[PDB]
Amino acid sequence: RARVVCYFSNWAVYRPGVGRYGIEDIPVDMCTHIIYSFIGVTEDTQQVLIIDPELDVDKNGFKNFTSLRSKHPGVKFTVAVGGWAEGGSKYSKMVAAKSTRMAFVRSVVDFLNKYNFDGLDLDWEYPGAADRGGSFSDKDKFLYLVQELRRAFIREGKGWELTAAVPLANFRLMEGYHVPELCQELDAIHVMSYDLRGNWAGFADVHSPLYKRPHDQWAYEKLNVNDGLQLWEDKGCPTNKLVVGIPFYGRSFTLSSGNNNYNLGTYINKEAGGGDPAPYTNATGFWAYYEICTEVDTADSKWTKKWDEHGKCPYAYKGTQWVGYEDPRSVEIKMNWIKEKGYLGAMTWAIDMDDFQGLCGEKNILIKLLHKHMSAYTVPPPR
């Protein structure tokens, strides 16, 4: 009764060579809930924005995805609205008034019917965030949107789910999330327990540490998966609504010139923007799990791999390049910890970055760990 929630990226199909990952590559039976990412919202009319219509509509991407339910009827196929690239200002604007929320709600309902989705995942990043076009009143108005969506979904009578992807930093919670009320209205809270460290922070570190490290201070002190999930609990979310995100990717850095200290917390060349882009994701500071294992785990690798003994994550470096990520050891630690805490399950950003080709070993190695642990686990009553 645990969830394995798999975000699926519609842009992964454009990655070259063995990076290409399409609907047909999703290992459906390893997931309980699969979320097509992303649709957005229009700036002017508060309607659903289809972001890649040639793929999503003309080549039937949405429908190919939802019709996977024919062969896998026990799995739920939903769509996520928002995402980082969408920005937050259009969402803050959409929720500002009852009339614009109801326009979006009607548009969402038509869209879910049209493409036979099982519901919607809200991924506005983030209500209340001044750095993302948000403002103080988003906290109330995001909750109104959620309540209004739930009521529309009820009226539609198809039992659609409504979930949200959420951050775990206290200040973000305070600025954007009425926790008890959101947790009551939503079927699952997909906690983004990753991107907790990265080039933006000005030092090298793993991005999904499970527990506090000695160098963690001030805003970073509780910015780890264990304390962040504990914060959601403390703020009133039941244990059996919280799903813990696991990144199938690393945050990388270019170290500062002449820097021979590779320890956690070491200074970086921040203007580099992150580690050099890898060949398939081609994004500074960001490497898919399969881009990491093909470099770090080969027999003749010149990478040095280390282990964060407190955060329970691997990191690896070579020359000026340094990357923190998740590997089978760290993911297994997190699966055991999820079961120890009694949370609703595990989530991944994103299924298209697992080693789905078996370039390094067994295919789909990371999602198989989520599936192995969660499928044998019974979620206990709320704590």
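Note that residue numbering follows the sequence shown and begins at 1.
The stretch 93-101 shows the higher mean C-alpha B-factor when 93-101 is compared against 172-180 in the entry. With 361-369 and 5-13 compared on mean CA B-factor from the PDB entry, the stretch scoring higher is 361-369. Per the PDB entry, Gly319 shows the highest C-alpha temperature factor of the residues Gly40, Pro27, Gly319, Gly345. Sorting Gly119, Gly311, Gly265, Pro127 by the CA temperature factor given in the entry leaves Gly265 at the top.
For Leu231, the recorded CA B-factor ranks within the middle third of the chain. Only modelled residues enter the ranking.
Among all modelled residues in its chain, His33 ranks in the lowest third by Cα B-factor. Sort the chain's modelled residues by C-alpha temperature factor and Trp200 lands in the highest third, per the entry. Among the modelled residues of the chain, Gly285 sits in the middle third by CA temperature factor in this PDB entry. Annotation for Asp52: CA B-factor lies in the middle third of the chain's modelled residues.
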